[PDB]
Amino acid sequence: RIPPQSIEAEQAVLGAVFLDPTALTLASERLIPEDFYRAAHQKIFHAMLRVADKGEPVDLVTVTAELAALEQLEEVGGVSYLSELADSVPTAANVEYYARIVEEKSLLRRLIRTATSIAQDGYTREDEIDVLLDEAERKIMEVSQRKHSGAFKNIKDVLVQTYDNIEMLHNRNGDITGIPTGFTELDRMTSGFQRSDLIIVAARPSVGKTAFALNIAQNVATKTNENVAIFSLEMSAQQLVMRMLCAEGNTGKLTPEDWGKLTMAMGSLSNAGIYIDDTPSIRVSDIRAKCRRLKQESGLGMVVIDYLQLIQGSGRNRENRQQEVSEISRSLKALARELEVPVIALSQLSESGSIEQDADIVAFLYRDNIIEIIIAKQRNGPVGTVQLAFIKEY
Amino acid sequence: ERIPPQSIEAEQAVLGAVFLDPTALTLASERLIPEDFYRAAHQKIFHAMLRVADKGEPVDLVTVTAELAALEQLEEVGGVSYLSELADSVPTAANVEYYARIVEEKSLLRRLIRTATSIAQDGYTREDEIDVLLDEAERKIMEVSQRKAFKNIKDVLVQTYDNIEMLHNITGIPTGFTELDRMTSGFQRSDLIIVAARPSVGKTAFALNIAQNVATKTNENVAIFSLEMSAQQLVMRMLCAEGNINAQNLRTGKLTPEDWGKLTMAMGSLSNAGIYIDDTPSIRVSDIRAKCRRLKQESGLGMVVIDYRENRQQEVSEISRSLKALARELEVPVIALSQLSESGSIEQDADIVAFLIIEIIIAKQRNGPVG
Amino acid sequence: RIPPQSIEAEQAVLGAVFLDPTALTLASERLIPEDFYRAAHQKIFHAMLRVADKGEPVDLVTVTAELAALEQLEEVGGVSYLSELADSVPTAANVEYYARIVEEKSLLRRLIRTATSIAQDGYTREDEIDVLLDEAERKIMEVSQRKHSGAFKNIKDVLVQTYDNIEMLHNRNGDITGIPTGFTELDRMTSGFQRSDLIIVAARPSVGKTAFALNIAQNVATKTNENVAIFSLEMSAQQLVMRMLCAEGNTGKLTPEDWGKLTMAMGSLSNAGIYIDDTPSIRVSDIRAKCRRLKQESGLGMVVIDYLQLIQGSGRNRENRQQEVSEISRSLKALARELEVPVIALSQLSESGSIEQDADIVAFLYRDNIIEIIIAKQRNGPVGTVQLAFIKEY
Amino acid sequence: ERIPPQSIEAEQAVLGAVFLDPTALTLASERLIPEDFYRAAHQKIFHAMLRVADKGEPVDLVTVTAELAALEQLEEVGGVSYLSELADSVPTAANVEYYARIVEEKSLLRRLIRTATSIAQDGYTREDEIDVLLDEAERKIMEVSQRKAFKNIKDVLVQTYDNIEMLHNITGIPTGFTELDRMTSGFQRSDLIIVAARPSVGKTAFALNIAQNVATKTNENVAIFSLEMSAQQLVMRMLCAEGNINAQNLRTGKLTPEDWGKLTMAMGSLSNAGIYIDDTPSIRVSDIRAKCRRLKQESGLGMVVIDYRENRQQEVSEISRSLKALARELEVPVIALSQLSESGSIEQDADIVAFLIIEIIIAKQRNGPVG
Amino acid sequence: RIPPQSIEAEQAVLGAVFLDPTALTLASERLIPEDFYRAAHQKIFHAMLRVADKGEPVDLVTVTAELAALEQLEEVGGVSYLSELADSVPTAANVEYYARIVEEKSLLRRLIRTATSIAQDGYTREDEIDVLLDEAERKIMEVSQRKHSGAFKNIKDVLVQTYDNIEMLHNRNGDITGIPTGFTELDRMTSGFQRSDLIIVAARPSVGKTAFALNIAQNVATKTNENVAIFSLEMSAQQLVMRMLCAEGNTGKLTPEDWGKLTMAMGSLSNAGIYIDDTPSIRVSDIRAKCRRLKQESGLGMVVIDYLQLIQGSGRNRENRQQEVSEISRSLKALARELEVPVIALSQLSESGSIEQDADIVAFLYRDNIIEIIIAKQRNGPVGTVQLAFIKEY
Ligand SMILES: [Au+]
Ligand SMILES: [Au+]
Ligand SMILES: [Au+]
Ligand SMILES: [Au+]
Ligand SMILES: [Au+]
Ligand SMILES: [Au+]
Ligand SMILES: [Au+]
Ligand SMILES: [Au+]
Ligand SMILES: [Au+]
Ligand SMILES: [Au+]
């Protein structure tokens, strides 16, 4: 059988160094010259290591300088190969993943050799068996010892990190663009929802995130003159609206006396600016096209998805809440970006996918009057907890 | 035996575009799935690509050219060279949206010619009651096409106004002039209304008492379907409503000799009206449409009323959706009776839905909500 | 493949018209000339339609008269075929079922054509797809539109029906043959169980139908001199009897003082006339042969089966309480007929089969002292509810 | 390798008769089933015929000649022509009763030669404890034959009289002269008696106390089978009944030195009697018959007593029926002990059945019922 | 096919008679001359039967004497075969098992013939079938009638047996070797655990057998100078010990004042003599080798296994608590024997295997202060119940 390797991947990391020296940092972190399958490659990696070792930076000439001293330059294929090697990278960025699979392939390559060694050490080495017992046992435990990935990121950095995070919490206002709820919260804490951002509010039983999401919705509709597209695939259009009216100005089984108070609410939304859509279990695809058409005609602002799960962009096997929900997640992110607006997606719990790694800001809601929003992730911003009184619907 | 509707020019445009930009794959996956691709290779590739993304890793052509390597489909797909060929097929890489879209269009086609022709082979061989395969056929087509704008809320408010106009200050005509008529301006036109009653002594009465009003008191027609009981059972029950006779017969042997008059008067009143009944235990989606369709092209149609682990709750939705589809398909107002032991996806397709002396409450709308 | 048709069935309905004109009524109800597969047949059907249209009745000559005007008479095969067509019917009665399967075959025949049309409309018609989407969707919805079976049997007829049903309830006595329980009930309401009739009393928890059935049993044994064969496959012979004694003259854990009162009962049955059989889960076949032998020797009267389910005439797959219980049901009917006596079969509930369509009279028992028998079906008789006091055993 | 017991002359008589009258099929089905028919075609036909009837439709030769068409077995069975041939085979059509009967007789035969020969091939190859295949063999024969008159009630009253004669005013001899002896005139002869006791501290005592009386006090013999406990365990328990010794041993070390006398006297009384015990944990249908049969042809036999999802409750019935069959097969009166946690089909085969200071109640009869 | 027989087995039982006459007793019990497959064999068995019938004992010459009168001696193969037949037995002891399988083979042999007779009686005998119905039914019931195994071992012998068992209970002391608990119990009742014996104490919920077993353990360690190896695979070494200390001299969550009282206990075991092992789910194999090594070095005495189930000597399929637990059971027996010491194995309940047939003494524990040990089996000894006060740990 053909031994486990990927000369193409090797070429990728290898040539990625030429493209940038930062590459050789990440590459050497995981890999070691001889850890390359193609002989030439191990030399070209060792050579760039010894040449980047002396202090002198790594250029297409530098690496062929050290490489010339041993005169392996004719062996590796010449500077012709060196250059080709620089073309064979699709993007020096994410060199780690290229190195990764080279670390993997040739790691696994030894697995094969070490075991086959045990097989032979079996047929001939019959003399004493209790020795092999623990012997072949540790040889495999040794093959799991050479995977260089893993570093305890100390405890010192996370201390200074928690500090400049409070120092980042110690600043003045200046909401850049978004203008949400009671300032202290989202607005102040993170300049009111930036553009291209994917936001995630995590609910729980009795989803208050619905009310909270639509409050942010109208507030960004009444206050600013921005158009907020809101996909409520759970509840009906008309339902959402009235729920929003009693929300902004005070019931169910009633005969009202203060119709006016309901008119004050009714009028309040006269500025409008919110385009609401409720068609259930909507394909994420249509979330994009519909949402975008609005932008090109009237102009957007921000989009709110009422229940992140109900989307279920279709396709292949479900695979226990993870696979499809993740491809939908990064579909929202790629969307918020190619739409240049924030997008608040609502979730809840009973690792609900990969949404975390896609989210720019993830926020949870806690309590039991008063309820507090505790934001966990906030790429480029602080951490945080902030409370807003809640009562019945506001 | 002719050539299938093949996409490859547009397919290669998608597989190529992916290798150029990560966002490319996200938008390809946005509408189509590997199974969709036509070329054997194009599928394996687009799938591999997806497993890499799924894996959490980045996708441009090495990760995938090495994933493709694993479970060895590489030499099978066409080698790295072919993969390269993909990348060069297209310069820029943003028009995948429309280019990929083409891949889907042609997929639906082969998806349709496959499901249609599936119906053909089904006919020639399986005689398992034409009622079913003729019906199952309509479902397989619905299954292929629908599944592979925004709303005016200043407008939705309009609906909230017209709504409130009713709440304080006729189009299909319901019972007496009580809260029910204004509650729905009649209780009319091509929409579905579900009236839900728990085991409340069989609140079927409310259902036919109205059906009666529509025919006898209104002068319109009504098609009632009793799948549980018999016809005579209910028409005798209708009379209990007309002559308010402390209900039953046997009261004096054959009937009450003195109250015999009300029988002839109640039967006389009811006779001049037009109600069309039908009791065919278990039957309601297909023939109901066919019978009402036949009745409509005849006299004109009525307001219709129906009475009453993974292969059960889904089946109820399909008919719930069909009862609604039947309404618009026949510009008729069909009110169905459900039970409460929710019971499926009724509140979704349903239009004004109502749950049930005592009083009644109105649920989601087309008109003024709860009262 | 050979297109779905049954020329034999066609010949059946077609020729069934010659045998009787009533046939052409039922046939035309479902079928339409061209709805015939064999061309000739459609002509011979159209021709008899146009000739029965003008007013003039349909005879073998009439139909060949109209058929001659267009001179298709040589085409259809001549009057030779017309006559043969009249022989090819096994029984002009149940022409509907022959027409039915012709309606079915050629219905389904279009299904094939319409779909194959969609298949072709697929390969060539690529221009616009959203149109086909709804297009092929309605073409199949159109094939389900041509099945002519179904008529709302109005509401007027069922009104006059409920009337002459009360007028049928307004009559005098005159029990024809059977003489059962308290007159007002079965006796009056339906002249006391007619001959050849299949009767069905529907029980429920705590089967009172057992007591009720055996009361009718002795009453038809003590009163008239008829022989009532009673199959009690549930309880033992001796058990039934004593239960019947305390039934007719008043205990379980006792030492009696009024042995006489038990003798009065014991004597009461001296007339006897009831031949009781209890061998459990008896094959319906043996119910017939045994029951019949008695008739040919001593002479019958009526038969009572204690529990209709326990019979389970054996054979093929069970198929959820329906298949075998139905073939047993129509086996009792074919029996009561070929035995010329009534047969009361007892049932209960927790569509228990097809028994309803086989039963000549189906009666239910209701209450909670007093209990009422409510009869539902009664072919040739009224509808009805009648009550009889019940107490403990009478 | 010779010719099977073939029915076709009589078969064609049935398949033909059906086409002549609907009632014909009802009477054919009355005793036989398609699987029964011999000719490949004759089966398919009779089955098709049955599915049409089952379908609810009428059966004479078009419905079936078209059903046969569906799932295409028509050209396979022999064509319409053959079917016609069936109809003409017989003029009148009422003697199907006896004509079809012949079809069944010959079916049983091939049904038997098949099950018998099945036993042969079973012997030559599977040595899985002869106890079982020799036993399983007897069951497969019982399975083939029994399953493929009325009663005199003036007579049944006779039984009710003789019964009452006892109720107020010996044949196998039971316990003392209490209500038990008259309750069953002894408690004798070739019948099965089930005495049922719930977890009532192991009411086995009642069972052997009687068994003792039969042997020691009666002078007859008795075969007792204890499958739970050991022999010595019970004979020591028997002595507890004889010398009414506040039960156990150890009372003084070895025993009570003063009451040592009762031991020799109780053991002396018991010794002269004839009781035959046997403890072979789990064993009761087959060897019990074989052991009692051997004992009977020897000394004469006794009154015998036994002590104690879909593949469990049915197995109990088969032995319950066997215990009863054992009684008549050996003109012996066998009383078995059951538990109450009913427990199967015991009340069906059982003859006088009884459930269990306190008192006892008698259940269904051969004699005076409950007291 | 080759008819079911085992000429070798036949030779076994047959020749086993020559080896010992006791053999002919057991053999004739089950077998009958013609019940032999090989003709010769049936003669040689009949001949030894008629010759052992006349009174004269059976020797190689006696059996060839009777055999000569009919002059079948040349037919059976001569006295050469007779002698060979005496060599063909592997051990005249357990002749029953050899006879057994001959009884079996040729029993089953008739099964075949009788059925094949029914098969033929099927093809030709069509005349009347109800007769065959019950006929072939009894012929098979007849084949189950000839298996000669089974004898009610009367009721007389078990009476005299229960007597000399009390007379065996009426004796004096003299503990042979073992010296256990409160004399009255094990010690007196059975001379204190004999050598080579397999003992089994049956526990139940809340295993007191643990405490009881270790009490016997120390008592045989403190009192006599014997070495008791105890395998406690349930609890830890140290745990067992302290539990044993509070056992011999009086807590858990405590701070003790009478450390001395614990020293008195601590000292008590100074004599020691108990080698405790706790390594869990120990292979029975290692129970043997370890246990034996101790014997050859220091010398044993008795072994205690804490929980008989937890052993689970491994191998093939489990087969519902029976197969493997039985091969382990007879492994302990073969061990206690090849170790010449008693072995107390502890069990409990919720036929737990075949342990009973392997055990030399099986004892149960009963109660609810006082608790009684009731011994059931005791090969070579009496039966018995004996009580010992128990309190908390002693
Ligand atoms: Au809200
Ligand atoms: Au509201
Ligand atoms: Au009503
Ligand atoms: Au009424
Ligand atoms: Au009764
Ligand atoms: Au009674
Ligand atoms: Au006893
Ligand atoms: Au005792
Ligand atoms: Au202890
Ligand atoms: Au302790």
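Numbers given to residues start from 1 along each chain, in the order its sequence is written, and need not follow the entry; residues that have no coordinates are not shown. Chain labels run from A onward and ligand labels from 1 onward, assigned in the order the entries are written. In this view the chains form part of a larger assembly, and all numbers refer to the visible part. Hydrogen atoms and water are omitted, and side-chain values are computed over all heavy atoms in the structure.

Per the deposited record, X-ray crystallography is how this structure was determined, to a resolution of 3.60 Å.

**As for the overall build of chain A**
Selection rule: Only runs of H or I of at least four residues qualify as helices and only runs of E of at least two qualify as strands under DSSP, and these elements are numbered from the N terminus. Taken over C-alpha atoms, the radius of gyration is set against a globule rule of 2.2 Å times the number of residues to the power 0.38. Accessible area is worked out with a 1.4 Å probe on protein chains only. A residue is then buried under 20% of its type maximum, exposed over 50%, and partly exposed in between.
Counting its regular elements, chain A contains 15 helices and eight strands. Computed over the C-alpha atoms, the radius of gyration of chain A is 29 Å, more than 25% above the 21 Å expected from 2.2 N^0.38 for a compact globule of 394 residues. Considering only C-alpha atoms, chain A reaches an extent of 95 × 55 × 45 Å along its principal axes. Residues counted as buried form 44% of the 394 residues belonging to chain A.

**Observations concerning the interface of chain D and chain E**
Counted only if it meets this: Whether two residues are in contact is decided by their heavy atoms: any pair within 4.5 Å suffices. When two parts are brought into contact, each loses some accessible area as probed by a 1.4 Å sphere; the total of that loss over both is the buried area. We define a salt bridge as a side-chain nitrogen of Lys or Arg found within 4 Å of a carboxyl oxygen belonging to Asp or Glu. By the criterion applied in these results, polar contacts are pairs of N or O atoms within 3.5 Å in which, for protein atoms, one can donate a hydrogen and the other can accept it, and in which residues neighboring in sequence qualify only through two side-chain atoms. Throughout, the ten residues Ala, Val, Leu, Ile, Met, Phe, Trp, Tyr, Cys and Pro are labelled nonpolar, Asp, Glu, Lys and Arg are labelled charged, and all others, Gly among them, are labelled polar.
Tallying the contact residues gives 45 residues for chain D and 47 residues for chain E. Here chain D packs against chain E, burying approximately 4700 Å² in sum over the two surfaces, 68% of which is carbon and sulfur. If you sort the residues of chain D by the area they bury against chain E, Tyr124, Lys254 and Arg294 of chain D come out on top, with a joint share of 16%. The closest approach of N and O atoms between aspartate 287 of chain D and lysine 147 of chain E, which form a salt bridge, is 2.3 Å. There are twelve residue pairs in polar contact connecting chain D and chain E. Among the residues making up the side of chain D that touches chain E, the classes are represented as 27 nonpolar, six polar and twelve charged.

**Let's talk about the domain arrangement of chain A**
Convention followed: Residue ranges assigned to the domains are those given by an automatic or database domain assignment.
As far as domains go, chain A holds domain 1 (1–144) and domain 2 (149–394). Distance between the C-alpha centres of domain 1 of chain A and domain 2 of chain A: 47 Å.

**So, a negative patch on the surface**
In plain terms, the rule: Excluding any residue in a salt bridge, patches collect residues exceeding 30% relative accessible area, merging like charges within 9 Å and nonpolar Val, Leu, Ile, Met, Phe, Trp and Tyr side chains within 5 Å. Here the Shrake-Rupley method, with its probe set to 1.4 Å, supplies the accessible areas, and only the displayed protein chains count as covering residues. Within this scheme the basic residues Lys and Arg register as positive and the acidic residues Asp and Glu register as negative, but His and the chain ends are omitted. Charged groups are reduced to one reference atom each: NZ for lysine, CZ for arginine, CG for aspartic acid, CD for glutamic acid.
On the surface, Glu128, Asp130, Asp134 and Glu137 of chain A cluster together into a patch of negative charge. Mapped onto the elements of the fold, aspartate 134 of chain A is located in helix α7 (residues 129–143).

**Some words on the domain arrangement of chain B**
Interfaces are often described in size by the accessible area the parts lose on coming together. With domains assigned, chain B is organised as domain 1 (1–125) and domain 2 (158–371). Of note, the centres of domain 1 of chain B and domain 2 of chain B, computed from C-alpha atoms alone, are 52 Å apart.

**Considerations on the side chain of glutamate 97 of chain B**
In this structure, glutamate 97 of chain B sits in helix α7 (residues 96–125). With a relative accessible area of 13%, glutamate 97 of chain B lands in the buried category. Filtering out sequence-adjacent residues up to four positions away, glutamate 97 of chain B remains in contact with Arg288, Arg292 and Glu338 of chain A together with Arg31 of chain B.

**Observations regarding the packing of aromatic side chains**
One pair of aromatic rings is described through two measures. These are the centre distance and the angle between the planes. Under the convention used in this document: Aromatic pairing here means that ring centres of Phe, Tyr or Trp (its six-membered ring) are within 6.5 Å. Orientation follows from the plane angle: under 30 degrees is stacked, over 60 is edge-to-face, and everything else is tilted. Comment: the charge-over-ring label is applied if NZ (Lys) or CZ (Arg) is within 6 Å of the ring centre and within 35 degrees of the ring normal.
Considering all chains together, one arrives at nine aromatic pairs over all chains under this definition. Looking at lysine 290 of chain C, its charged tip hangs above the ring of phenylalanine 231 of chain C, at a distance of 5.9 Å from the centre. Over the ring of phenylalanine 150 of chain D we find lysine 290 of chain C; its NZ or CZ atom is 5.7 Å from the centre of that ring.

**Regarding the pattern of salt bridges**
Where charged atoms from two side chains of opposite charge approach closely, those side chains can pair. The tally for this structure, following the rule as stated, stands at 68 salt bridges over all chains. Across the salt bridge formed by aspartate 277 of chain C and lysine 290 of chain C, the nearest N and O atoms sit 3.0 Å from each other. Note that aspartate 277 of chain C is positioned in strand β3 (residues 274–277) and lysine 290 of chain C in helix α13 (residues 284–297), a separation of 13 residues in sequence. Assigned by exposure class, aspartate 277 of chain C and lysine 290 of chain C land together as buried. Between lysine 148 of chain D and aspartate 36 of chain D there is a salt bridge; the shortest N-O distance is 3.7 Å. Linking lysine 148 of chain D in the loop between α8 (130–145) and α9 (154–168) with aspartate 36 of chain D in the loop between α2 (22–29) and α3 (40–55), this pair joins segments that are 112 residues apart in sequence. Of the residues examined, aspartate 36 of chain D reaches a relative accessible area of 7% and is grouped as buried. One continuous salt-bridge network, built from bridges that share partners, spans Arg30, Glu96 and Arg100 of chain A.

**Here's the deal with the arrangement of the chains**
In this structure chain A stays clear of chain E, and the shortest span between their C-alpha atoms is 16 Å. If you take every C-alpha in chain B and every C-alpha in chain E, the smallest gap between them is 34 Å, and the two do not touch.

**Structural notes on the packing of helix α1 (residues 7–19) of chain A against helix α6 (residues 95–123) of chain A**
Residue and element names in this part refer to chain A. Applied cut-off: For helices, the axis comes from a line fit to the C-alpha atoms of the stretch in contact; other axes are also lines fit to C-alpha atoms, and the angle between any two N-to-C directions lies between 0 and 180 degrees. Each angle is binned into one of four classes, with values under 35 degrees roughly parallel, values over 145 roughly antiparallel, values of 65 to 115 roughly perpendicular, and all other values oblique. For any helix crossing, the convention is left-handed if the near helix is rotated counterclockwise from the far helix by under a right angle, and right-handed if that rotation is clockwise.
Packing of α1 against α6 leaves a shortest axis separation of 8 Å and a crossing angle of 135°. With respect to α6, the element α1 is oriented oblique. Between α1 and α6 lies a crossing whose hand is left-handed. Seen from α1, the contacting residues are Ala9, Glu10, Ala12, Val13 and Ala16; seen from α6, they are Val95, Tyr98, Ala99, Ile101 and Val102.

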